[PDB]
Structures are given as structure tokens and as C-alpha cells.
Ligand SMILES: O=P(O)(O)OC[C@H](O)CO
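In the block that follows, a single chain appears as C-alpha cells, in the form solved without SN-glycerol-3-phosphate (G3P).
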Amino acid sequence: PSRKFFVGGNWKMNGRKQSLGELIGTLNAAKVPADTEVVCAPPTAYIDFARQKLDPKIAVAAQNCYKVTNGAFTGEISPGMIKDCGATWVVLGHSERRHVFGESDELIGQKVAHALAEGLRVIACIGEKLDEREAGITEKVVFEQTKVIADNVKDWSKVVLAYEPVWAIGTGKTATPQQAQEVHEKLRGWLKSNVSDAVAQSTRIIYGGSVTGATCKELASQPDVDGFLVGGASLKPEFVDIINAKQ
């Protein structure tokens, strides 16, 4: 075994063909350690574009999808369309989906089951808000979120778990590497007693809080932090430094 280090770049709702072309040019030229698995999530308008321009060494993810293959869902896309555009991953349950756009755990679990049935790999996102953390219910929230995902997973070899400390995002608060490690350790424990030891040992649990070229090595060194889901830094050459966080 030994868990392959995993770096996802979530571009969110940023970029146009020219600017993303330049970003992609920089990534294509960058040294990608073979020990690292890199995945970029473009805006949904540019999934096809990104896959055409990006070197095969980098995988492409959709930022969201829906839970059936086709239907009367104006504004949505399905896993079949994601695969048809050459992407192999989808991000599900991202904090912005949950807390800006109100996606339920129930919906999120249905999307996970559908995406996996359709042959996609999934970066499944969980995390607690500031009120939840300050109420002492971090474990309750993240465990129930993880439970719904697990209920809808049959092959954990296709899943990466991303912990987003939403309490430390846009709140003025910040999370230390020990605090991150603490959640990741709890999460791996959860997997061990609720799914299997094999699943606990093999599953990447990546950190989706604030990470830079300056903080990434210390965070990556944490024994249960298996890499990153990067936000704003994924749009900057510094993403390369995060890819090289274990070098």
C-alpha cells in the first residue's frame, strides 16, 4: 500500500480561455513528481477546453454534477457528459455547493452513487462551520457527512475525501496543522470502524483549508493529511510548489 499523494486544483468560477490557456501552459511545463496525482477542476464551460490543452499527466475534474444520466434539469450536467468531455473526476459536496447553493447530504449522496456507477472518480467534500465547531460538534457533523458519502460508495479506490475547515474560511479564524491532522485522524478512525481497515489505510484524506507554497510542506508532513484540495492558489504558479509539497 502507501497512499499516493494527491493535489487537486479547484479553479472555481475563474478564468477565460486565454487566461486558463496560460495557467495550463505553466502546468504542462511544470515538474510533476510521479509520486503525485494531480487533478484540475475547471469551470463547467471549460471542462472540454481544459482537457484538450492539459497534458495527460494531469487529470480533469468537473466541479459538480447531477444524479441521473439525462433529464429535465436545466443548468445541470451529468457524469456521462463529464466522461464524454474526457474528464475522469468530479468534485461533490464542496462547501460552496452546501452552504451557498444549499445542497443537502441526501442529494450529495445520490450524486456520489450516480457518479461512481457511471465510472467517475469522486473528490467528496465534508466540513464544519464556525458555529458547529464552537458548539463542540465538529465530529458529529463531519462523521454524519462522511456516513452519507460512505453509504453511497461501493469502490473506495475511486474516492478521495476532502476535509474543508469551513469554520476557518472567510471567518477571520485560521486552522493549525495539528488541528487539520486531528480531524483527518478522526476521519480515518471513522472509516476503520464503519467501513473497513483496508478502506481506512488506502483512502486519501486531503485538506481543503488554506494552503500556500509556505505552509504546504508542514501540512503534507502530517501523517493523516494525504494532500490538498487547493482553492485560489490553484490559479497561480505556486500550485506547482503545492504539487511538490513532499519533495
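All residue numbers are counted from 1 along the displayed sequence.
Note that the form solved in complex with SN-glycerol-3-phosphate (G3P) isn't included here; everything after this is about it.
A single residue from the set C85, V153, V142, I169 has any heavy atom within 4.5 angstroms of SN-glycerol-3-phosphate (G3P) in the deposited complex; that residue is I169. Distance criterion of 4.5 Å from any heavy atom to SN-glycerol-3-phosphate (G3P) in the deposited complex singles out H99 from the list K158, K173, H99, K147. Heavy atoms within 4.5 Å of SN-glycerol-3-phosphate (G3P) in the deposited complex belong, among the stretches 112-120, 85-93, 99-107, 134-142, to residues of 99-107.
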